[PDB]
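In the text below, chain A, chain B and the rest are named by the order of the sequence lines, each starting its count at 1. The figures here come from the full heavy-atom set of this structure, side chains too, leaving out hydrogens, waters and symmetry mates.
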Amino acid sequence: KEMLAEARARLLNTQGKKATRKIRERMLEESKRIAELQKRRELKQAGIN
RNA sequence: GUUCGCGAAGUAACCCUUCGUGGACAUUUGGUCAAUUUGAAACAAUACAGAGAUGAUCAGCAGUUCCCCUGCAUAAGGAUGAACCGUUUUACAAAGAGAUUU
Ligand SMILES: [K+]
Ligand SMILES: [K+]
Ligand SMILES: [K+]
């Protein structure tokens, strides 16, 4: 059963380290983007452009 | 300033001496640039993380780029120097059938 689980995991992978890091980096860049807009919106609502 | 010529004063008169006066000689430097904050050097420092093809550890050599750095360099080195990894819709037609409408 563990052999099958490990086989399914290794059979799934298709991208190397650089592409995988680019995926996580794009997700982090998006979360940073939304945090930036949240702070900017709070400031704007307070009349601070 | 010098020198050539002329007026004059001084001297008995020259030499010489002074005041005046004409000519000759010599003739336009330098800045793309002002002297600390506001016309632009960078490293470093603090933190986190710890290198592609892999199950794992790695040698690499390239290509593309409106990224270059070190080097005298057309050599070599810089993680295979780095970035590369995402997003993807129409030259759109033909034949036929069963339902919709006057
Ligand atoms: K490492
Ligand atoms: K390598
Ligand atoms: K190399």
Practice item. Pick out which of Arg21(A), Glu29(A), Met27(A) makes a side-chain contact (heavy atoms from CB on, under 4.5 Å) with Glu25(A). Key: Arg21(A)
Practice item. Please determine which of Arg8(A), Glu2(A), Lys1(A) meets the side-chain contact (heavy atoms from CB on, under 4.5 Å) test together with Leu4(A). Key: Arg8(A)
With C1'-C2'-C3'-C4' as the criterion (positive north, negative south), name the sugar pucker of [N].
N: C43(B); value: north
N: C48(B); value: north
N: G30(B); value: north
N: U18(B); value: north
N: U74(B); value: south

[atom1] atom, [N] versus [M]: distance in rounded Å?
N: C33(B); M: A40(B); atom1: P; answer: 15 Å
N: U87(B); M: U80(B); atom1: P; answer: 29 Å
N: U88(B); M: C92(B); atom1: P; answer: 22 Å
N: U27(B); M: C14(B); atom1: P; answer: 40 Å
N: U74(B); M: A62(B); atom1: P; answer: 14 Å
N: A51(B); M: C58(B); atom1: P; answer: 8 Å
N: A42(B); M: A49(B); atom1: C1'; answer: 25 Å
N: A73(B); M: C69(B); atom1: P; answer: 12 Å

Under a 3.5 Å cut-off for both distances, is [N] Watson-Crick or wobble paired, and to whom?
N: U87(B); value: none
N: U57(B); value: none
N: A9(B); value: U17(B)
N: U74(B); value: none
N: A95(B); value: none
N: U3(B); value: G23(B)

Can you tell me which nucleotide in [options] comes closest to the side chain of [X]?
X: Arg26(A); options: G86(B), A83(B), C84(B); answer: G86(B)
X: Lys18(A); options: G52(B), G55(B), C84(B); answer: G52(B)
X: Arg10(A); options: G55(B), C85(B), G52(B); answer: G55(B)

Are the six-membered base rings of [N] and [M] centred less than 5.5 Å apart, with their planes inclined by less than 30 degrees?
N: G81(B); M: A82(B); answer: yes
N: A40(B); M: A41(B); answer: no
N: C48(B); M: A49(B); answer: yes
N: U57(B); M: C58(B); answer: yes
N: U87(B); M: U88(B); answer: yes

To the nearest Å, give me how far apart [atom1] ([X]) and [atom2] ([N]) are.
X: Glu30(A); N: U87(B); atom1: CD; atom2: P; result: 12 Å
X: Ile23(A); N: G52(B); atom1: CD1; atom2: P; result: 14 Å
X: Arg21(A); N: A82(B); atom1: CZ; atom2: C1'; result: 13 Å
X: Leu12(A); N: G55(B); atom1: CG; atom2: P; result: 11 Å
X: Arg24(A); N: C48(B); atom1: CZ; atom2: P; result: 19 Å
X: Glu25(A); N: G50(B); atom1: CD; atom2: P; result: 13 Å

Does OP1 or OP2 of [N] have a side-chain N or O of [X] closer than 4.0 Å?
X: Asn13(A); N: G55(B); result: yes
X: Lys17(A); N: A53(B); result: no
X: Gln15(A); N: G86(B); result: yes

Do [N] and [M] form a Watson-Crick or G-U wobble pair, with both donor-acceptor distances under 3.5 Å?
N: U65(B); M: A82(B); value: yes
N: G63(B); M: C84(B); value: yes
N: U36(B); M: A53(B); value: no

For the [atom1] atom of [X] and the [atom2] atom of [Y], what is their distance to the nearest 0.5 Å?
X: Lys39(A); Y: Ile34(A); atom1: NZ; atom2: CD1; value: 12.5 Å
X: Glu6(A); Y: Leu11(A); atom1: CD; atom2: CG; value: 11.0 Å
X: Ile48(A); Y: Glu42(A); atom1: CD1; atom2: CD; value: 10.0 Å

**Study point:** Side chains of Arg33(A) and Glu36(A) in contact at under 4.5 Å (non-hydrogen atoms)
**Key:** no
**Study point:** Atom of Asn49(A), atom of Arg40(A) and distance for their closest heavy-atom approach
**Key:** OD1-NH2, 3.8 Å
